[PDB]
């Protein structure tokens, strides 16, 4: 199994401080967090004061290199609502300090590409879509609202009709993310409720061709901001279904099973060529350190434990 799991704790938020919550996360070394005297070991644990830069460097940087070598990959943000998933995945998009994983990935991709000599030709294209109530919508074309999953020649599942946009700079990709977030408001009355109950999926497809040696390489990287994992409606059941499917896929891979139940959900089907097999995966579980959220945090930590070999 190629899955790594890293746990990120955010600082206590304003409500938590005012309410008088206790900081219940205890840290041991760089890989362990202990809750109520019970330890949970991961590939890495980030404490509340961990910077965006360091999170990227541990969770994502190496996967970006693999994608530039022709690997596929997935990076997930998992955790209850307000645990810091979007701050981690997106952060402040145009801010060199505040930017999250996706902007740093894109920068790294282009930094490598523009440094290469004339023998290499690159084509970078991005897609951005969401899954809500078990329906796929293109965030770059809001007329595309119930996209189906299809399989190509080589039995590779794909989203039929999803917008694929060619990009040639990090600024252009950020502009694409900005447009997607704005488009996401279409037909949505409450964004907080919607975003907490849907999964957002950003895809970067990096194709390269050395015209001198006549070699081609292609790498796909999916960046997934999952629905909130909290136990707190048709929305709930759909969300339970999609995360439980991902859970079973992760456990199957962690067991070294040859059979992996990708078909358990649309999402895992979509990610089939970039999750398991020879693809690289990091799950970043996000948690509140507040005593008030102790039950959901334990649940999040136990979800992360699934990837343990």
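Numbering follows the first chain given and starts at 1.
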Residues with no coordinates between residue 232 and residue 233, taken from the deposited sequence as a class: 4 to 9
Test of understanding: from the entry's C-alpha B-factors, which stretch has the higher mean, 153-161 or 216-224? 153-161
Given the B-factors recorded for C-alpha atoms, which segment has the greater mean, 234-242 or 75-83? 234-242
Among 197, 137, 123, 185, highest Cα B-factor in the entry goes to 123
Top Cα B factor in the deposited entry, candidates 107, 205, 115, 88: 115
C-alpha B factor of residue 269, ranked within the chain: lowest, middle or highest third? lowest
Going by the entry, which third of its chain does the Cα temperature factor of residue 68 land in? highest
Chain third (lowest, middle, highest) by recorded CA B-factor, residue given as residue 100: lowest
According to the PDB entry, is the CA B factor of residue 278 in the bottom, middle or top third of its chain, that is, lowest, middle or highest? highest
On the chain's distribution of Cα B-factors, residue 13 falls within the third called middle
